[PDB]
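Naming: A, B, ... by sequence-line order, numbering from 1 per chain.
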Amino acid sequence: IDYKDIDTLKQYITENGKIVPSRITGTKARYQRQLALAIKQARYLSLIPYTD
Amino acid sequence: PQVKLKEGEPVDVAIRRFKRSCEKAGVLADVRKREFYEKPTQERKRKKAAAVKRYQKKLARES
Amino acid sequence: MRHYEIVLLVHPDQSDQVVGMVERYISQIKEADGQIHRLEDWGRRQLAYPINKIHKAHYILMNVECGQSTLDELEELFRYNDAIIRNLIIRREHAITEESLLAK
Amino acid sequence: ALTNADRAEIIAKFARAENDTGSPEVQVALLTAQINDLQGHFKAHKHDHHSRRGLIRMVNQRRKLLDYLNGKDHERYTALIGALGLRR
Amino acid sequence: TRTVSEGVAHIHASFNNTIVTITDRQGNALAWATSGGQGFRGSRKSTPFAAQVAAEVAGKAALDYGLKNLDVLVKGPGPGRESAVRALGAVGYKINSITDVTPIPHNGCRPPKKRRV
RNA sequence: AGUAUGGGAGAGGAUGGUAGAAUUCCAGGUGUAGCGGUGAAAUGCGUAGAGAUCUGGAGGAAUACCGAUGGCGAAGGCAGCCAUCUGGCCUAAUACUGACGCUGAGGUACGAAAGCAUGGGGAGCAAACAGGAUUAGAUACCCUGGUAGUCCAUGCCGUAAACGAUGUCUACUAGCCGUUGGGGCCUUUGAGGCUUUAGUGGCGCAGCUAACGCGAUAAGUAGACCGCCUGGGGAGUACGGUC
């Protein structure tokens with residue numbers, strides 16, 4: 001997963017803007033690490049908000 | 001959060017909905033945690049006990 | 001000779017100059033060495049949060065390959081340019097040339 | 001650092017036979033090249049202890065291989081240390 | 001003097017006191033009330049009853065400014081938040097939204113030491 | 001036991017830059033009697049305008065959610081993002097060397113926190129200290145302030161319940177259920193199921209143990225080398241010596 005797939009990124013973000021734990025979505029650990037990294041990169045690029 | 005209102009939504013029902021939203025968000029838990037400083041040893045002990053409890057719960061629910 | 005992916009945010013008041021910026025950057029990279037494997041322009045996008053009281057900006061993406069001196073001078077130019085409000089540089093393995101998502 | 005071409009050059013020079021990558025001469029030459037290469041790194045990053053541990057491991061391995069070669073054959077040992085410039 | 005139709009209500013609730021402030025949009029204050037002002041001195045400041053009476057006082061004062069629909073923002077833990085927002089509706093105002101906006105650090109400054117009572 | 005070639009995971013280390021939330025202070029706009037604190041209070045702050053709220057600046061320190069009985073490291077330890085330099089580990093098959101090994105008295109390297117030296121920095125917290133409470137007394141626990149210190153550069157110090165209270169290496173000895181990084185196989189279209197390997201957990205047969213318990217990550221069955229013990233105090237103390 002890359003930081004450009006904004007729709008799939010929002011698929012794993014709550015309404016507050018926080019990352020969803022892997023327990024809730026059943027994601028694998030290797031995919032979850034990449035997902036969190038891409039989410040932080042998108043936050044820095046300001047494609048998605050930090051809070052809210 | 002941002003609990004907006006329908007035309008027919010009463011104030012009490014709105015407040016109950018807002019309480020539910022805040023409880024789901026769990027902001028007050030983080031506020032409580034921020035109040036006093038906890039030693040890393042205490043944090044590690046608490047997390048270890050929590051992990052033991054979670055594994056016991058999983059074992060009980062499986063069998 | 002390494003591969004890099006670069007994302008640049010440009011002030012919309014200076015979007016009329018983006019052609020000069022990209023032409024001089026790519027010209028410098030090429031005359032030094034290496035090639036440009038992708039150039040992309042996402043347009044004038046809205047920002048999730050304002051930066052320096054600015055609510056929209058122009059997004060340019062470049063997939064390039066070059067050397068250390070070129071990377072240093074690109075850092076130099078990006079830092080002391082004023083239309084560039086934010087940049088991200090990522091080392092990559094293998095060359096990416098395909099039409100990326102969200103480029104449209 | 002060192003590249004595949006650099007390593008292949010040393011292997012070809014010091015090889016004792018065809019496809020010989022396990023000989024003490026080859027191993028000692030490779031370790032010597034790596035040790036001489038890392039000296040530049042440890043001049044600018046003097047407080048990098050975690051990597052210095054691996055450097056000492058390289059040094060000790062080179063010493064053990066040299067002692068084994070000296071035990072097996074004195075002439076090869078002298079020729080190798082002369083070619084590589086080691087003091088012992 | 002000035003006429004305003006819509007405004008914001010800020011509730012600062014703590015473990016010791018609750019403050020209700022009525023402002024217009026853009027953040028200029030109109031009226032404010034507190035438990036200490038309406039008696040309830042000392043330990044009594046934290047009871048929901050003081051919160052409700054203070055909220056009623058604040059709403060009554062704002063009705064002189066003459067606004068009907070307000071947006072409610074709640075900041076802080078402590079009792080009397082729900083009591084305060086209920087009292088604001090009881091004055092006959094129309095609440096347009098109600099949000100939770102307590103600030104949360106991203107692992108910032110060190111908190112004070114724990115109490116050994 | 002080691003070497004070459006392909007692939008993989010990681011808060012491993014050092015240097016530099018950079019992003020967002022929050023605390024404090026400063027200037028300003030709105031606005032007016034309290035705020036803060038406790039078991040209850042008081043010290044303290046405020047009518048030369050506090051607290052609340054809105055906008056804009058300065059500075060320092062730490063990285064919410066992800067986050068895990070998870071990961072990496074010899075141990076001490078290591079968490080925002082990016083680049084540069086760099087160590088180790090896992091995995092497949094060939095090829096190569098041909099015992100090149102294990103342990104290790106002296107020795108040497110690293111080694112939390114507190115502390116020391118020289119020069120910087122200083123938001124928050126806070127030994128010493130001051131004031132207010134409680135108490136028969138309070139020197140403390142509670143409250144309001146607050147210096148060193150905590151941070152950075154360069155060195156010293158060499159100690160911790162530095163703990164798995166379990167030295168390092170090797171081989172063998174029922175099973176059942178998890179989890180992390182790989183390899184292979186089988187279903188049949190994509191998600192599953194069997195194996196094998198290196199880590200990390202929970203039960204448990206035999207065996208062992210004073211008992212508690214351990215039980216392929218042994219405290220079982222054996223081998224190689226090192227360290228240490230010999231009733232409780234006096235005492236990790238005195239004298240001598242090294243640093």
Any N/O donor-acceptor pair, E:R110 side-chain to F:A126 base, under 3.5 Å: no
Same-atom distance (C1') from F:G44 to F:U38, integer angstrom: 14 Å
Polar pair under 3.5 Å, donor/acceptor by atom type, side chain D:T21, base F:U3: yes
Sugar-phosphate only, base, or nothing, as touched by A:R43 at under 4.0 Å among non-hydrogen atoms: base
Integer angstrom distance from the P of F:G111 to that of F:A75: 14 Å
Candidates F:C82, F:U84, F:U53 - which lies nearest the side chain of A:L37: F:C82
Pucker family (sign of torsion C1'-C2'-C3'-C4'), F:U63: south
P atoms of F:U103 and F:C225, separation to the nearest Å: 13 Å
Residue E:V117, side-chain heavy atoms: nucleotide from F:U69, F:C142, F:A4 that is nearest: F:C142
Spacing of the P atoms in F:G13 and F:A79 (rounded, Å): 7 Å
Among F:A40, F:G87, F:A64, the nucleotide that comes nearest once only the side chain of E:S43 is considered: F:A40
Heavy-atom closest contact (C:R86 atom, A:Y44 atom, distance): NH1-O, 3.2 Å
For F:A140, the Watson-Crick or wobble partner whose two distances fall under 3.5 Å: none
Touch class at under 4.0 angstrom, heavy-atom based, for C:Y4 against every strand present: sugar-phosphate
Whole-Å P distance, F:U91 and F:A1: 14 Å
Wobble or Watson-Crick pair present, F:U221 with F:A171, both under 3.5 Å: yes
Sugar-phosphate only, base, or nothing, as touched by D:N19 at under 4.0 Å among non-hydrogen atoms: sugar-phosphate
Touch class at under 4.0 angstrom, heavy-atom based, for A:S22 against every strand present: sugar-phosphate
Syn or anti for F:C100 (syn when the glycosidic angle lies within 90° of 0): syn
Sugar-phosphate only, base, or nothing, as touched by C:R2 at under 4.0 Å among non-hydrogen atoms: sugar-phosphate
Side chain E:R25 and base F:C54 donor-acceptor under 3.5 Å: no
Proximity to the side chain of B:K58 - top-ranked nucleotide from F:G13, F:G178, F:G67: F:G178
Aromatic ring pairing D:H41/D:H45, orientation class (parallel under 30°, perpendicular over 60°, tilted between): parallel
Pair assignment for F:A123, Watson-Crick or G-U wobble, requiring both distances under 3.5 Å: none
Carboxylate-amine/guanidinium proximity below 4.0 Å for D:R76 and D:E25: yes
Syn or anti conformation of F:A68, syn meaning chi within 90° of 0: syn
Whole-angstrom distance between F:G20 and F:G36, as gauged at atom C1': 31 Å
Sidechain N-carboxylate O distance under 4.0 Å for D:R63, D:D67: yes
Paired, F:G34 vs F:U179, Watson-Crick or G-U, distances below 3.5 Å: no
Nearest-neighbour nucleotide for the C:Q68 side chain, F:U84, F:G37, F:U18 considered: F:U84
Sugar-phosphate, base or nothing in reach of D:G71, heavy atoms under 4.0 Å: nothing
Same-atom distance (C1') from F:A160 to F:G77, integer angstrom: 15 Å
Sugar-phosphate, base or nothing in reach of E:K75, heavy atoms under 4.0 Å: sugar-phosphate
Syn/anti state for F:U38 [syn: chi within 90° of 0]: anti
Sugar conformation, F:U147 - torsion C1'-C2'-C3'-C4' sign: north
Options F:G20, F:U18, F:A9, nucleotide nearest the side-chain atoms of A:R33: F:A9
Nucleotide nearest A:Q41 when distance is taken to its side chain, options F:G88, F:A64, F:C81: F:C81
E:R115 side-chain proximity, nearest of F:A52, F:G39, F:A62: F:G39
Backbone N/O of D:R62 and side chain of D:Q27: donor-acceptor pair under 3.5 Å: no
Nearest listed nucleotide, side chain of D:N4, among F:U5, F:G57, F:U3: F:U5
Nearest heavy-atom neighbours spanning E:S14 and E:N16: OG-N, 2.7 Å
Sugar-phosphate only, base, or nothing, as touched by A:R30 at under 4.0 Å among non-hydrogen atoms: sugar-phosphate
Nearest-nucleotide pick for E:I19, side chain only, options being F:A14, F:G87, F:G51: F:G51
Between B:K45 and B:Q42, a side-chain donor and acceptor under 3.5 Å: yes
Presence of salt bridge, E:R86 and E:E82, under 4.0 angstrom: yes
Verify stacking: F:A206 then F:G207, 5.5 Å distance, 30° angle limits: yes
Whether E:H106 stacks on the six-membered ring of F:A64 base, 5.5 Å and 30° limits: yes
Output field: Watson-Crick/G-U pair F:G80 F:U18, thresh under 3.5 Å: yes
Polar side-chain contact A:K40-F:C66 base: donor and acceptor under 3.5 Å: yes
Separation between the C1' atoms of F:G104 and F:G240, rounded to whole Å: 31 Å
